[PDB]
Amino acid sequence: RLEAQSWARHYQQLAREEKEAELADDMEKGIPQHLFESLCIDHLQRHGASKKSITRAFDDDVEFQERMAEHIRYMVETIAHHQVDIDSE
């Protein structure tokens, strides 16, 4: 019994993650980087950032674009997590 339940708990845990990972793949397409570039265009200029500085980071700087894509993923995986919890409630 205690081995049959650890198994059931495992299965449910794994199905939850799959649901989440798949949910996170859908949402990720909802927030492409250009939205973040626009955000910076709309808000950082009045603070001293030229359009060029923003353009350099978003269109030219390679790491920035990667650390940016990486945070988007984290954001969507996280919101996916809470979306699942919500379904489970």
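One-based numbering along the sequence shown.
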What stretch has the higher average Cα B-factor here, 8 to 16 or 21 to 29? 21 to 29
Can you work out whether the C-alpha temperature factor of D59 puts it in the lowest, middle or highest third of the chain? highest
For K51, does the deposited CA B-factor place it in the lowest, middle or highest third of the chain? middle
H81 - Cα temperature factor, lowest/middle/highest third of chain: highest
